[PDB]
Amino acid sequence: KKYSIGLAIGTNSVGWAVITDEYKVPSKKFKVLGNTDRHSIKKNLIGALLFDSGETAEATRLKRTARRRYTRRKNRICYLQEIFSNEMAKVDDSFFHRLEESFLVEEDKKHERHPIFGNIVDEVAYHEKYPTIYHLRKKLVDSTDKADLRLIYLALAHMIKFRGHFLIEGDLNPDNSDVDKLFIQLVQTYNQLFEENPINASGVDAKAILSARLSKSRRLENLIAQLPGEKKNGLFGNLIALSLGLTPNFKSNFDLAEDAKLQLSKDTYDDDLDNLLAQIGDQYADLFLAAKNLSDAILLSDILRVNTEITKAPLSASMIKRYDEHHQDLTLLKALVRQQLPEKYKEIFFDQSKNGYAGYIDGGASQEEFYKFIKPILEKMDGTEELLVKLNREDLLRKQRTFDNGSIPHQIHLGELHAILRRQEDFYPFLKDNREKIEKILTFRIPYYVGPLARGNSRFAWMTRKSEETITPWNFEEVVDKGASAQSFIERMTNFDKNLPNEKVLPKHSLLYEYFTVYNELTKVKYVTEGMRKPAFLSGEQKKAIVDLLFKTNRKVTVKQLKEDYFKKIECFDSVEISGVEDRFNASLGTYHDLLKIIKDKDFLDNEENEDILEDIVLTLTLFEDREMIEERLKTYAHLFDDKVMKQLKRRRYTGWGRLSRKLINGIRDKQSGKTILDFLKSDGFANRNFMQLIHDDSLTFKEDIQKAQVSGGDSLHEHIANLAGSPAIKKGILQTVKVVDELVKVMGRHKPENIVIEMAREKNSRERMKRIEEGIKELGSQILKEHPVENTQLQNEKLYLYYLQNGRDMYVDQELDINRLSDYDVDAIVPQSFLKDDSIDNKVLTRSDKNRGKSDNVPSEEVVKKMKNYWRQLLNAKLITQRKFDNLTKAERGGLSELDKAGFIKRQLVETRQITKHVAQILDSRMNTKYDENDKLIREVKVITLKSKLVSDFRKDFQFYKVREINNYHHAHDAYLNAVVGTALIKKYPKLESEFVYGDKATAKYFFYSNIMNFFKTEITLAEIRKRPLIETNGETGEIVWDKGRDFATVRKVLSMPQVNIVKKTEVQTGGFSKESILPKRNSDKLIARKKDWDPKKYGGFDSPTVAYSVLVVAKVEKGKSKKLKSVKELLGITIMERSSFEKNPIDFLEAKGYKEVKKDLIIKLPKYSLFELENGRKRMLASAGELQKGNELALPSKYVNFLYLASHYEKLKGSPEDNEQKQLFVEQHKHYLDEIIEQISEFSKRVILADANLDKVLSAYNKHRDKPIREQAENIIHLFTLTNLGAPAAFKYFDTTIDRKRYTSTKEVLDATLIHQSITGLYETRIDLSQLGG
RNA sequence: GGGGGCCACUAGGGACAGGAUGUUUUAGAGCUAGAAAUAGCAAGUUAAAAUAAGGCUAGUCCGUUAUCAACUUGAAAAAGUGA
DNA sequence: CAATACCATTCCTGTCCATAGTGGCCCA
DNA sequence: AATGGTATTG
Ligand SMILES: [K+]
Ligand SMILES: [K+]
Ligand SMILES: [K+]
Ligand SMILES: [K+]
Ligand SMILES: [K+]
Ligand SMILES: [K+]
Ligand SMILES: [K+]
Ligand SMILES: [K+]
Ligand SMILES: [K+]
Ligand SMILES: [K+]
Ligand SMILES: [K+]
Ligand SMILES: [K+]
Ligand SMILES: [K+]
Ligand SMILES: [Mg+2]
Ligand SMILES: [Mg+2]
């Protein structure tokens, strides 16, 4: 008894089938367990496991980190209160108690209800004097009077609890005023450097134009307008853009070739300014210098909208400006609405439901929704011009705690905190002694390279302590080993050397590593001249000379420099042919040139004595990112360099690690020669062996030493699958697949199959699209977003996305495109889809007409390339197209598509090469084949074949075994079946293909062969004339029969027509969040759940809508009526995720607390979601919850109706042949009565199983309404009708324009008397429990 | 040789440190006319506190991923059970 | 009970590691 | 996006 298994692996399904020698599907009697009269059941060996998607760890991580943040913010406030403890006790012994209980209702408050002062008079007076916290902040910053300790606490606590960002390193407020004079001085330095061409900035109000509460680019335009001449793209224009964002290429300004750009915020700024001044002269330094100067007073102008000379609290002053303008404009708006349009006053100022001022202050209306609601009301009235200006600048009636405060750096809050401490430390000594402690509370962050401050109970932590004691912000440097922690941060994530698994890899930018890469590339270079008989390698002396002359004087070495600067200069060759490198060397000594610029001592770099030193420096610069730790670690070399060089040196940093270790590169030595790997790369006689040859050559000891160093370590199956690189979604399917194969082998008497054939399906976002387009267009300098505004959702249209990615132009022709005629344009595949089935934006292009591409059987013609290469390069530099898209677009200037390329593409269409599928194949193969032969080589009893979906897809379409995904879930199982059939047949016919399709170890010819690989199934083949194949197809050598075109197609038809298919929805305990996150207001309802143990929801609000982890069958008694008489019940109790641990720790106590008595402990049945019940007439239901059910039956629609629906709907495309198109159309029209028959099948199924009477009647009327519609559209909507019958949760669907809402099953009472069906993973093994036999 | 190193991209996974909103209860004396219903008017921008209930291992830690038919012997990990 | 309509905390900055898809040089 | 919780209407 031999058999094969077909598998179809998806993100929500694993289809499986078992086939025999004749491509038939067996059927067995399987024993049925339980307490029903049914002892067995006939099962076909085909089906599909269904499951909800596996989820990533992301959401869990975001929640975990936000938790840690709330905990540490609370601890910040706690530190502050601990500082204030005793002196506050002297002033007001219950202030902090009032703060802590501020949330409680007056009934529950232990102290007086007014938090700050504990009496209504003083509290009301406080709020009158200080309407916002920023009033109190500014007063405490500016005033000199002794202030009440409680108000001091309130100001400092507000600064510490909402402390601003940390994106800016260093200290702040160097220049806060005289921006007018700074701008005059920048204009002055420009005029000094260009005495012939000066700029007159007299009268230019640079303050108002540049500190304008508007975008930077707009201010640039205005300022350039004020200066006569001086176009925005001139030198001074880009220098104004310097304080603004882009500061684009000065190459236009200085006529230099390479691209320039600067950004005073980037830490590469000093190096880029050096790189530029080396190209143009240090005399321009004062030009950027002054620029930087003028920037300092203006960089914060967006945040500090008030002069910095009347207050030392410009931020809080700006908030008070917000408040005062809010008040003035509110008075004015109220008066206007009273006068002009008095009927709307109530809707604006009283209606929270509307988006007026009421809904904006008291309702749920946002600033944007309010601006939208009030725009027309302001335009409709008079005297609202200034208010409309403030509205379109987003500065009308602003609150102070707003979504856009995220740009406030922590240094500003710190400045105000320090100012207050300085004012009041004169009166309170404890503020003087704790000034720096409080400042530290504000300024302290745990470094990202330290992680959680755990003590052995966090699986996420790596930090090591210098001593065992509580870490505070003030003793962090002493208790936490920052260096060891920062090291472990990297070393717990980096790979070891695979060849020497106990050796760490080198920094990618190590000098040694780059010597290795350069010599490895260089040793395989060959050259030919005239007198030479044969191309020669480079000798060791030649490689040393090329490294010293070229690689050590140029960052990048081109083949041209090799030919002219070495072979002509040293070898006196006029002509030489180079192989092994094209255009320019890929490897390069970048770090060598970095350190040469920094230290300016070529002899120091070239001295081998300093090798180790340099290796450490780069190591440090790689291992650490914090400037102080880098500095401390380089301190040991402070004696070798000048302080200027030490500063420049600690400035420069590297990221990334190599893949080889130092011991591999320049450590282990060959026994005979005594040479390291690098020594052979530098010189290897006449062989010039490279790295691979070196570690594989049996005449050397490197291979032996690597073998010896290797250690094997073992993961479990689940651990192994978890550690694969793939989506957790597909990993869930992989593990399910292995469990399914295990059960299937158990079903077949523990006999292993002959073949296993596996196919694997191919595998918010609009925000990424909008980001791409914004960046690319502002990098392009285009005004397309100015002239055509767009929202992210709109970019989900392919053509509009392409339009914006193409700067609104045609990509094959130099002309504009029209947004409104997008429907008339074309979307063309760069490399045609007949070769590369790629439908992504990386291979698609928007053009006015695909006809202009040229011939349709290749990449675009050379004319197009010549015309459009520069435009495409612009788009590439804007990151609007990728390098792959650009290269494919330009392939015609590189010979176009060759015949080898087309052969390869067609092979790719058939031979799977994704790593993840290969891992699935390896897993199955290592589980199935476990014995070794006499030569100790693996015995492959089971052949694991992998196929791509296109094989079986083309099969289905060519032999009319059509699939319709919406009818039911049987297509996953059928895919599995057809995979088994096609794979086994394919390798039976052509055994030599095993190398390609089985796991384990003339271009026209392969093109033809792989295009016609599947023709042995067809009876006649039309290929560019008509050829004919026999009725029986056999193997050429063995003579064995592989395919009987008569009987075997009938076998396949019979298998696809079988109604009994084992579809199983995997039952799962629900996990995750306890409930919806919405904190709801107070309500008289027991559905509300307290947010804290003592916060009664009827007084405080809270949560509702909790998630049931799993239901539980309870057979017990419950008290009834005022008498409390015991009454026997049987019902489903939903155990929520939050209740689950309590219920499981002791089920009886939990249930008795819920109200039940005398619980029959042994009749408690755990019922996860999707638990299956059968009732009468085969009607099935699945548990959706403790109080709702899902549809549980599959509609086994016959194959003739399935194929009719496919053909009539024009599912996919029917264009194979004109005459075959005609035959399909004729069959559709001849069998048009199949529409009524299909409606009848749906109706019978619904009346037996679905039981949505009203919905079925509405659907029947809708079908009888559109009987005159074309057959195509009626079929297309009949497809939609199956949403009524599909398995799972009920859903709404549409028949033409009629909408059918979901009919829900909002009661679980009936399943309590039905038959509960427990199913194994395949559903072949069942345990059926009659629940009606359970009762009181 | 579907292994390896390098170059150029692109896409996804994982961890950590931080920012701003939002929400919820309370505080921010509402006034006047009327028995009330209600009407007319005034006012509004701020804060505290919580932000999974909570847990013990008590850390400036942990609490939403992965994994799960039933039954048996099992404390549990497990292993076994049916053409 | 049964049907029906509404509801669902959001967005952002920075540091770092690995894998794997495409094209290319050199090899096992 | 879905689909299970919830209140409202009977
Ligand atoms: K009280
Ligand atoms: K001008
Ligand atoms: K609001
Ligand atoms: K190259
Ligand atoms: K680094
Ligand atoms: K020195
Ligand atoms: K889920
Ligand atoms: K789960
Ligand atoms: K109030
Ligand atoms: K199951
Ligand atoms: K929000
Ligand atoms: K992030
Ligand atoms: K590659
Ligand atoms: Mg907490
Ligand atoms: Mg808040």
# chains A, B, ... in the order shown; residues from 1 in each chain; ligands from 1
call {"tool": "closest_atom_pairs", "arguments": {"of": "chain A", "to": "chain D", "cutoff": "10 Å", "atoms": "only C-alpha atoms (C1' of nucleotides)", "output": "Markdown table"}}
result
| residue | atom | partner | partner_atom | distance |
| --- | --- | --- | --- | --- |
| A:1075 | CA | D:5 | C1' | 9.7 |
| A:1076 | CA | D:5 | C1' | 9.4 |
| A:1087 | CA | D:6 | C1' | 8.5 |
| A:1104 | CA | D:5 | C1' | 7.8 |
| A:1105 | CA | D:5 | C1' | 4.8 |
| A:1106 | CA | D:5 | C1' | 7.6 |
| A:1107 | CA | D:4 | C1' | 8.5 |
| A:1108 | CA | D:4 | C1' | 9.7 |
| A:1184 | CA | D:4 | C1' | 7.6 |
| A:1185 | CA | D:4 | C1' | 7.4 |
| A:1187 | CA | D:4 | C1' | 9.2 |
| A:1188 | CA | D:4 | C1' | 7.9 |
| A:1189 | CA | D:4 | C1' | 10.0 |
| A:1289 | CA | D:3 | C1' | 7.0 |
| A:1290 | CA | D:3 | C1' | 8.4 |
| A:1291 | CA | D:3 | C1' | 8.5 |
| A:1306 | CA | D:4 | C1' | 10.0 |
call {"tool": "write_last_selection", "arguments": {"atoms": "N, CA, C and O atoms", "output": "PDB file, in the first residue's frame"}}
result
ATOM      1  N   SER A1075     -10.148  43.744  26.946  1.00  0.00           N
ATOM      2  CA  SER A1075     -11.379  44.290  26.397  1.00  0.00           C
ATOM      3  C   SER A1075     -11.006  45.406  25.435  1.00  0.00           C
ATOM      4  O   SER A1075      -9.825  45.688  25.215  1.00  0.00           O
ATOM      5  N   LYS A1076     -12.027  46.040  24.859  1.00  0.00           N
ATOM      6  CA  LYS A1076     -11.826  47.325  24.208  1.00  0.00           C
ATOM      7  C   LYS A1076     -11.127  48.284  25.161  1.00  0.00           C
ATOM      8  O   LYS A1076     -11.273  48.198  26.384  1.00  0.00           O
ATOM      9  N   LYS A1087     -22.342  45.828  32.777  1.00  0.00           N
ATOM     10  CA  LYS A1087     -21.361  45.534  31.743  1.00  0.00           C
ATOM     11  C   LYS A1087     -20.054  46.281  31.969  1.00  0.00           C
ATOM     12  O   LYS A1087     -19.014  45.852  31.461  1.00  0.00           O
ATOM     13  N   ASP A1104     -15.901  48.189  28.935  1.00  0.00           N
ATOM     14  CA  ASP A1104     -16.868  47.133  28.652  1.00  0.00           C
ATOM     15  C   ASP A1104     -16.318  46.297  27.496  1.00  0.00           C
ATOM     16  O   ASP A1104     -15.157  46.446  27.099  1.00  0.00           O
ATOM     17  N   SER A1105     -17.159  45.419  26.952  1.00  0.00           N
ATOM     18  CA  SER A1105     -16.815  44.585  25.812  1.00  0.00           C
ATOM     19  C   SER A1105     -15.553  43.759  26.044  1.00  0.00           C
ATOM     20  O   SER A1105     -14.564  43.894  25.314  1.00  0.00           O
ATOM     21  N   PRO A1106     -15.542  42.892  27.058  1.00  0.00           N
ATOM     22  CA  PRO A1106     -14.379  42.035  27.288  1.00  0.00           C
ATOM     23  C   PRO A1106     -14.369  40.855  26.326  1.00  0.00           C
ATOM     24  O   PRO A1106     -15.397  40.443  25.789  1.00  0.00           O
ATOM     25  N   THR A1107     -13.184  40.290  26.140  1.00  0.00           N
ATOM     26  CA  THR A1107     -13.004  39.156  25.246  1.00  0.00           C
ATOM     27  C   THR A1107     -13.059  37.857  26.040  1.00  0.00           C
ATOM     28  O   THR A1107     -12.401  37.729  27.080  1.00  0.00           O
ATOM     29  N   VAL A1108     -13.855  36.907  25.553  1.00  0.00           N
ATOM     30  CA  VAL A1108     -13.945  35.579  26.151  1.00  0.00           C
ATOM     31  C   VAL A1108     -12.741  34.763  25.699  1.00  0.00           C
ATOM     32  O   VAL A1108     -12.520  34.582  24.498  1.00  0.00           O
ATOM     33  N   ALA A1184     -18.890  31.223  18.499  1.00  0.00           N
ATOM     34  CA  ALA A1184     -18.208  32.496  18.296  1.00  0.00           C
ATOM     35  C   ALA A1184     -17.864  33.176  19.608  1.00  0.00           C
ATOM     36  O   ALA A1184     -16.990  34.050  19.634  1.00  0.00           O
ATOM     37  N   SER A1185     -18.518  32.764  20.694  1.00  0.00           N
ATOM     38  CA  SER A1185     -18.443  33.397  22.004  1.00  0.00           C
ATOM     39  C   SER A1185     -19.287  32.570  22.964  1.00  0.00           C
ATOM     40  O   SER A1185     -19.716  31.468  22.612  1.00  0.00           O
ATOM     41  N   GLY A1187     -22.158  33.702  23.834  1.00  0.00           N
ATOM     42  CA  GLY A1187     -23.507  34.125  23.512  1.00  0.00           C
ATOM     43  C   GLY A1187     -23.781  34.329  22.034  1.00  0.00           C
ATOM     44  O   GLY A1187     -24.765  34.985  21.678  1.00  0.00           O
ATOM     45  N   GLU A1188     -22.939  33.778  21.160  1.00  0.00           N
ATOM     46  CA  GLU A1188     -23.156  33.921  19.727  1.00  0.00           C
ATOM     47  C   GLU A1188     -22.526  32.749  18.985  1.00  0.00           C
ATOM     48  O   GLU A1188     -21.522  32.185  19.430  1.00  0.00           O
ATOM     49  N   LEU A1189     -23.121  32.396  17.843  1.00  0.00           N
ATOM     50  CA  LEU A1189     -22.690  31.268  17.028  1.00  0.00           C
ATOM     51  C   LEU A1189     -22.363  31.717  15.608  1.00  0.00           C
ATOM     52  O   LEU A1189     -22.891  32.719  15.115  1.00  0.00           O
ATOM     53  N   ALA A1289     -18.209  33.402  10.504  1.00  0.00           N
ATOM     54  CA  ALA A1289     -19.011  34.510  10.998  1.00  0.00           C
ATOM     55  C   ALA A1289     -19.914  35.046   9.892  1.00  0.00           C
ATOM     56  O   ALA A1289     -19.478  35.184   8.745  1.00  0.00           O
ATOM     57  N   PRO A1290     -21.172  35.347  10.204  1.00  0.00           N
ATOM     58  CA  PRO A1290     -22.065  35.926   9.195  1.00  0.00           C
ATOM     59  C   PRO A1290     -21.582  37.297   8.759  1.00  0.00           C
ATOM     60  O   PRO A1290     -21.037  38.071   9.551  1.00  0.00           O
ATOM     61  N   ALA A1291     -21.789  37.596   7.477  1.00  0.00           N
ATOM     62  CA  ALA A1291     -21.296  38.838   6.900  1.00  0.00           C
ATOM     63  C   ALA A1291     -22.361  39.460   6.012  1.00  0.00           C
ATOM     64  O   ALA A1291     -23.242  38.778   5.485  1.00  0.00           O
ATOM     65  N   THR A1306     -27.621  35.086  17.846  1.00  0.00           N
ATOM     66  CA  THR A1306     -27.324  35.789  19.085  1.00  0.00           C
ATOM     67  C   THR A1306     -27.698  34.986  20.325  1.00  0.00           C
ATOM     68  O   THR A1306     -27.847  35.569  21.406  1.00  0.00           O
TER      69      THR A1306
END
call {"tool": "interface_residues", "arguments": {"of": "chain C", "to": "chain A", "cutoff": "8 Å", "atoms": "only C-alpha atoms (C1' of nucleotides)", "output": "ChimeraX atom specification"}}
result
/C:8-9,12-20,22-23,25-28
call {"tool": "write_last_selection", "arguments": {"atoms": "N, CA, C and O atoms (P, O5', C5', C4', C3', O3' and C1' of nucleotides)", "output": "compact mmCIF listing (two decimals), in the first residue's frame"}}
result
# COMPACT_ATOMS: atom_id res chain seq x y z
P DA C 8 -15.57 54.19 18.49
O5' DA C 8 -14.62 52.95 18.78
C5' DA C 8 -14.54 52.41 20.09
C4' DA C 8 -13.93 51.02 20.05
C3' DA C 8 -12.51 50.94 19.50
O3' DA C 8 -11.79 49.93 20.17
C1' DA C 8 -13.92 49.63 18.17
P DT C 9 -10.80 50.32 21.38
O5' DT C 9 -9.69 51.24 20.67
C5' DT C 9 -8.58 51.72 21.42
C4' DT C 9 -8.20 53.13 21.00
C3' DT C 9 -6.85 53.26 20.31
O3' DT C 9 -6.95 52.91 18.94
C1' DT C 9 -7.13 55.01 21.90
P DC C 12 2.91 58.16 12.31
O5' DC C 12 3.96 58.88 13.28
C5' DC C 12 4.22 60.27 13.13
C4' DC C 12 5.14 60.78 14.23
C3' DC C 12 6.51 60.14 14.28
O3' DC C 12 7.34 60.69 13.27
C1' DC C 12 5.66 60.49 16.48
P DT C 13 8.66 59.90 12.82
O5' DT C 13 9.70 60.19 13.99
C5' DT C 13 10.16 61.52 14.21
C4' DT C 13 11.21 61.54 15.30
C3' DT C 13 12.36 60.57 15.11
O3' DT C 13 13.35 61.14 14.28
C1' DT C 13 11.58 60.51 17.36
P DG C 14 14.33 60.20 13.42
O5' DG C 14 15.28 59.52 14.52
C5' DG C 14 16.20 60.31 15.26
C4' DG C 14 16.77 59.53 16.43
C3' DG C 14 17.46 58.23 16.08
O3' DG C 14 18.77 58.46 15.62
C1' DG C 14 16.10 57.94 17.99
P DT C 15 19.53 57.30 14.80
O5' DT C 15 19.89 56.20 15.90
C5' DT C 15 20.73 56.52 17.00
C4' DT C 15 20.99 55.28 17.84
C3' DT C 15 21.33 54.04 17.04
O3' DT C 15 22.71 54.02 16.74
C1' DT C 15 19.70 53.50 18.66
P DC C 16 23.24 53.23 15.44
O5' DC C 16 22.85 51.70 15.71
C5' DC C 16 23.57 50.98 16.70
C4' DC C 16 22.89 49.66 17.04
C3' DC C 16 22.78 48.67 15.91
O3' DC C 16 24.03 48.06 15.68
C1' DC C 16 20.83 48.64 17.24
P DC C 17 24.36 47.43 14.24
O5' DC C 17 23.77 45.95 14.34
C5' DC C 17 24.16 45.10 15.42
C4' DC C 17 23.22 43.92 15.53
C3' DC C 17 23.08 43.10 14.26
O3' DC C 17 24.05 42.06 14.26
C1' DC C 17 20.93 43.56 15.23
P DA C 18 24.50 41.38 12.89
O5' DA C 18 23.22 40.54 12.42
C5' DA C 18 22.77 39.43 13.19
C4' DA C 18 21.48 38.87 12.63
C3' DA C 18 21.61 38.32 11.21
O3' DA C 18 21.45 36.92 11.20
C1' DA C 18 19.61 39.61 11.50
P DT C 19 21.80 36.10 9.86
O5' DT C 19 20.48 36.21 8.98
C5' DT C 19 19.35 35.41 9.28
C4' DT C 19 18.17 35.83 8.42
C3' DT C 19 18.30 35.45 6.94
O3' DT C 19 17.37 34.45 6.62
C1' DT C 19 17.45 37.66 7.24
P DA C 20 17.61 33.52 5.34
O5' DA C 20 16.85 34.27 4.17
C5' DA C 20 15.50 34.66 4.33
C4' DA C 20 15.12 35.66 3.27
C3' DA C 20 15.74 35.37 1.89
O3' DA C 20 14.75 35.48 0.88
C1' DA C 20 16.12 37.59 2.49
P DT C 22 14.99 36.42 -6.39
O5' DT C 22 15.44 37.86 -6.91
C5' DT C 22 14.50 38.73 -7.54
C4' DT C 22 15.18 40.01 -7.99
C3' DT C 22 16.51 39.82 -8.69
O3' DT C 22 16.32 39.52 -10.05
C1' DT C 22 16.66 41.60 -7.12
P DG C 23 17.44 38.69 -10.84
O5' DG C 23 18.64 39.74 -11.02
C5' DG C 23 18.54 40.76 -12.00
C4' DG C 23 19.61 41.81 -11.80
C3' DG C 23 21.04 41.31 -11.90
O3' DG C 23 21.43 41.20 -13.26
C1' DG C 23 20.83 42.80 -10.07
P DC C 25 28.85 40.04 -13.66
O5' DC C 25 30.00 40.23 -12.56
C5' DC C 25 31.06 41.16 -12.77
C4' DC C 25 32.14 41.01 -11.71
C3' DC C 25 32.69 39.61 -11.53
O3' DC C 25 33.71 39.36 -12.47
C1' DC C 25 32.19 40.52 -9.42
P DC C 26 34.02 37.85 -12.94
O5' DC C 26 34.55 37.13 -11.61
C5' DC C 26 35.80 37.49 -11.05
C4' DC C 26 35.97 36.91 -9.66
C3' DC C 26 35.93 35.41 -9.57
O3' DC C 26 37.18 34.88 -9.99
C1' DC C 26 34.71 36.35 -7.77
P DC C 27 37.24 33.37 -10.52
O5' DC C 27 36.36 32.56 -9.45
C5' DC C 27 36.77 31.29 -8.97
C4' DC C 27 36.48 31.15 -7.49
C3' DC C 27 35.87 29.82 -7.08
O3' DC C 27 36.86 28.83 -6.97
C1' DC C 27 34.69 31.56 -6.04
P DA C 28 36.51 27.31 -7.37
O5' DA C 28 35.68 26.76 -6.11
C5' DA C 28 36.34 26.55 -4.86
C4' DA C 28 35.35 26.11 -3.79
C3' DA C 28 34.63 24.80 -4.07
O3' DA C 28 35.38 23.71 -3.56
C1' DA C 28 33.05 26.47 -3.48
call {"tool": "residues_near_ligand", "arguments": {"ligand": "ligand 6", "cutoff": "6 Å", "atoms": "only C-alpha atoms (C1' of nucleotides) and all ligand atoms", "output": "list in words"}}
result
residues 638, 639, 640, 641, 642 and 643 of chain A
call {"tool": "write_last_selection", "arguments": {"atoms": "N, CA, C and O atoms", "output": "tab-separated table (two decimals), in the first residue's frame"}}
result
chain	number	residue	atom	x	y	z
A	638	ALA	N	45.25	58.95	24.03
A	638	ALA	CA	45.30	60.40	24.01
A	638	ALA	C	46.71	60.93	23.78
A	638	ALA	O	46.87	62.05	23.29
A	639	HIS	N	47.73	60.14	24.12
A	639	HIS	CA	49.11	60.56	23.99
A	639	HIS	C	49.64	60.46	22.57
A	639	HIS	O	50.70	61.02	22.28
A	640	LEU	N	48.94	59.75	21.69
A	640	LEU	CA	49.41	59.57	20.32
A	640	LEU	C	48.97	60.67	19.38
A	640	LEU	O	49.61	60.87	18.34
A	641	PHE	N	47.90	61.39	19.71
A	641	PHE	CA	47.30	62.37	18.80
A	641	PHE	C	47.13	63.71	19.50
A	641	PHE	O	47.16	63.80	20.73
A	642	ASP	N	46.93	64.75	18.70
A	642	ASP	CA	46.62	66.06	19.23
A	642	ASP	C	45.16	66.14	19.66
A	642	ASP	O	44.32	65.35	19.22
A	643	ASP	N	44.87	67.10	20.53
A	643	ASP	CA	43.51	67.26	21.04
A	643	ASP	C	42.53	67.52	19.90
A	643	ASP	O	41.38	67.05	19.95
call {"tool": "interface_residues", "arguments": {"of": "chain A", "to": "chain B", "cutoff": "6 Å", "atoms": "only C-alpha atoms (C1' of nucleotides)", "output": "count of residues only"}}
result
30
call {"tool": "residues_near_ligand", "arguments": {"ligand": "ligand 8", "cutoff": "7 Å", "atoms": "only C-alpha atoms (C1' of nucleotides) and all ligand atoms", "output": "compact mmCIF listing (two decimals) with C-alpha atoms, in the first residue's frame"}}
result
# COMPACT_ATOMS: atom_id res chain seq x y z
CA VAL A 1069 -8.35 30.00 23.11
CA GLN A 1070 -8.57 33.76 22.62
CA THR A 1071 -5.67 35.80 24.04
call {"tool": "select_by_dssp", "arguments": {"residues": "range 898-1010 of chain A", "states": "strand (DSSP E or B)", "output": "VMD selection string"}}
result
chain A and resid 932 938 943 to 947 998
call {"tool": "write_last_selection", "arguments": {"atoms": "N, CA, C and O atoms", "output": "PDB file, in the first residue's frame"}}
result
ATOM      1  N   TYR A 932      20.668   5.582   7.031  1.00  0.00           N
ATOM      2  CA  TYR A 932      21.832   5.759   6.178  1.00  0.00           C
ATOM      3  C   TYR A 932      22.260   4.423   5.584  1.00  0.00           C
ATOM      4  O   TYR A 932      22.050   3.363   6.179  1.00  0.00           O
ATOM      5  N   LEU A 938      22.575   9.388   3.223  1.00  0.00           N
ATOM      6  CA  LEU A 938      21.166   9.350   3.583  1.00  0.00           C
ATOM      7  C   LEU A 938      20.376   8.483   2.610  1.00  0.00           C
ATOM      8  O   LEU A 938      20.624   8.489   1.400  1.00  0.00           O
ATOM      9  N   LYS A 943      10.471  11.326  -1.113  1.00  0.00           N
ATOM     10  CA  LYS A 943      10.903  12.450  -1.929  1.00  0.00           C
ATOM     11  C   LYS A 943      10.004  13.643  -1.635  1.00  0.00           C
ATOM     12  O   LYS A 943       8.777  13.556  -1.782  1.00  0.00           O
ATOM     13  N   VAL A 944      10.613  14.741  -1.197  1.00  0.00           N
ATOM     14  CA  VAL A 944       9.905  15.989  -0.945  1.00  0.00           C
ATOM     15  C   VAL A 944      10.059  16.871  -2.180  1.00  0.00           C
ATOM     16  O   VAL A 944      11.171  17.298  -2.517  1.00  0.00           O
ATOM     17  N   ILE A 945       8.943  17.139  -2.852  1.00  0.00           N
ATOM     18  CA  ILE A 945       8.896  17.958  -4.056  1.00  0.00           C
ATOM     19  C   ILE A 945       8.255  19.291  -3.704  1.00  0.00           C
ATOM     20  O   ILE A 945       7.265  19.325  -2.970  1.00  0.00           O
ATOM     21  N   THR A 946       8.816  20.385  -4.216  1.00  0.00           N
ATOM     22  CA  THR A 946       8.228  21.708  -4.052  1.00  0.00           C
ATOM     23  C   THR A 946       7.800  22.238  -5.413  1.00  0.00           C
ATOM     24  O   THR A 946       8.536  22.117  -6.394  1.00  0.00           O
ATOM     25  N   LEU A 947       6.601  22.814  -5.469  1.00  0.00           N
ATOM     26  CA  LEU A 947       6.079  23.379  -6.704  1.00  0.00           C
ATOM     27  C   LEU A 947       5.636  24.817  -6.475  1.00  0.00           C
ATOM     28  O   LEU A 947       5.317  25.222  -5.355  1.00  0.00           O
ATOM     29  N   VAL A 998      13.273  18.108  -6.190  1.00  0.00           N
ATOM     30  CA  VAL A 998      13.304  17.253  -5.011  1.00  0.00           C
ATOM     31  C   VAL A 998      14.379  17.766  -4.065  1.00  0.00           C
ATOM     32  O   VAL A 998      15.507  18.043  -4.491  1.00  0.00           O
TER      33      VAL A 998
END
